[PDB]
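See below for the structure under consideration.
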Amino acid sequence: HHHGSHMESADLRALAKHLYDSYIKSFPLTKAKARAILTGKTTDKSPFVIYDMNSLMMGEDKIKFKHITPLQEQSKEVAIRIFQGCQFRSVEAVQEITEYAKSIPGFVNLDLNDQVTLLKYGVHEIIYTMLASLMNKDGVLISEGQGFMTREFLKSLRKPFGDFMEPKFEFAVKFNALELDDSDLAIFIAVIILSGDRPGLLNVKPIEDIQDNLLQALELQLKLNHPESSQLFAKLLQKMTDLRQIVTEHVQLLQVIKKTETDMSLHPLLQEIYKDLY
Ligand SMILES: Cc1c(C)n(Cc2cccc(OC(C)(C)C(=O)O)c2)c2ccc(C(=O)N[C@@H](C)c3ccc(C(C)(C)C)cc3)cc12
Ligand SMILES: Cc1c(C)n(Cc2cccc(OC(C)(C)C(=O)O)c2)c2ccc(C(=O)N[C@@H](C)c3ccc(C(C)(C)C)cc3)cc12
C-alpha cells in the first residue's frame, strides 16, 4: 500500500542486509560477478568456451584428472562426462546452500528433521534459480565461472541428455528478464527454503512464521530496488510455483538416467575420493 518508517521496516531492512551478507559468504560466484564475466566487464581472464567437440576435447586436456574409460560409445562417453561434472558441482552447491540456510534467522532452531525436509525439497529449486545467474541466451558459466558451455552444444548431446539443460535455459531467459540482483535473490532464496508446504513436515507453523517475515522483507526489497517494475512481488510468487511443476519434471527426467544407464549413481566412496583430492 504505502511505506512507513517505523522500526518495523528497519527490522525488515536489517534482515535483508543480514541475508545478503550470508549470501555473499556462502556463494563465491555472485550474479553481479557472473554478469561481469558474461559481458567482459572484468579485468580477470576470459573463461574457456566449449562450443563443439574440438573445444571440448581441448577443454578436457586442461583438467588434471583424466578418466579415459575407452569404449566404442564415445557419444555417451561425452554426455556422461558432462552430466557427472554438473552432478559433482550440485553436491558442492548443496553444502553452500545448507551453509546459507543455517544463517536464516530461526532455521537452526527448527526441528532437525524439518531442516532436512526443507533442504531436501528446496535444494533443487534453488539450484534451478541460481543457475539463471550463470546463463545468458548463449550458454552457461561452469566451474567457478572459468568455463562457458554454449546452449546449442548442450542441445546436441545424445538423445536423453540433449534435453536436460533446455528447460533450465527456458526458465532462465524468462527469469533473468525480471532483472533481480544479488540483494533480491538472497531473500528470494530464503523464502524458497522456508516453505511450510513441503511433504512430511512436522511443525508447519514455526516455518511459516519465519517465511512471513522473509516474504515481508522481500516485498519491501522489491518495491525499493525496482521502482520501474510493476507487480514484481506477484511475479516472483508465480515463479516459485513454476519451479515446483518444472522441478518435478526435472527429477522425473534424471530418475530415467538413474535406471536407463544401469550404472549412473556414482559410487559413494569413489565420489568421496574425488572430493578429498581435488
Ligand atoms: C576426468 C573427469 C572425471 C573423473 N569426471 C567425473 C566422472 C565423469 C564421467 C563418469 C563418471 O562416473 C563413472 C562412470 C563411474 C566413471 O567412469 O568414473 C565420473 C569428470 C567429469 C567431467 C569432466 C569434464 O571434462 N567436464 C567438462 C564440462 C569441462 C568443464 C570445465 C573445464 C575447464 C577446465 C575449462 C573449466 C573443462 C572441461 C572430466 C571428468
Ligand atoms: C554442465 C555444468 C553446469 C550447469 N555447471 C554449473 C552448476 C551445476 C550444478 C549446480 C550449480 O549450482 C549453482 C548454485 C548455480 C552454482 O554452482 O553456481 C552449478 C557445471 C559446473 C562444473 C562442470 C564440470 O564439468 N567441471 C569439471 C572441471 C570437473 C568437475 C568435477 C570433476 C571431478 C568429479 C573429477 C572432481 C572433474 C572435473 C559442469 C557444469
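Just so you know, residue 1 is the first one in the sequence shown, and it goes up from there. We count ligands from 1, going down the list as the structure has it; atoms in each ligand are counted the same way.
- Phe175 and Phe188 have tilted rings, their planes meeting at an angle from 30° to 60° on a 0 to 90° scale.
- Heavy-atom proximity to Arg89, at under 4.0 Å, picks out these atoms of ligand 2: 7 (C), 8 (C), 9 (C), 10 (C), 11 (C), 16 (C), 17 (O), 19 (C), 21 (C).
- Within the structure, the side chain to side chain donor-acceptor pair (under 3.5 Å) test picks out no pair touching residues 128-148 (sequence neighbours left out).
- Of the polar atoms of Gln146, none of the N or O atoms is found under 3.5 Å from an N or O of ligand 1, judged by distance alone.
- Residue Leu29 places every heavy atom at 4.0 Å or more from ligand 2.
- Within ligand 1, counting atoms from 1 as listed, the ones closer than 4.0 Å to a heavy atom of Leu266 are 12 (O), 15 (C).
- Residue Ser143 has at least one heavy-atom neighbour below 4.0 Å for each of these atoms of ligand 2: 21 (C), 22 (C).
- Less than 4.0 angstrom separates some heavy atom of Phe65 from each of these atoms of ligand 1: 1 (C).
- The distance from ligand 2 to the heavy atoms of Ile127 drops below 4.0 Å at these ligand atoms: 10 (C).
- Within the 4.0 Å heavy-atom criterion, the part of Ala93 lying near ligand 2 is the side chain and not the backbone.
- A heavy-atom separation below 4.0 Å is not found between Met264 and ligand 1.
- The shell of residues lying under 4.0 angstrom from ligand 1, judged by heavy atoms, includes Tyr274.
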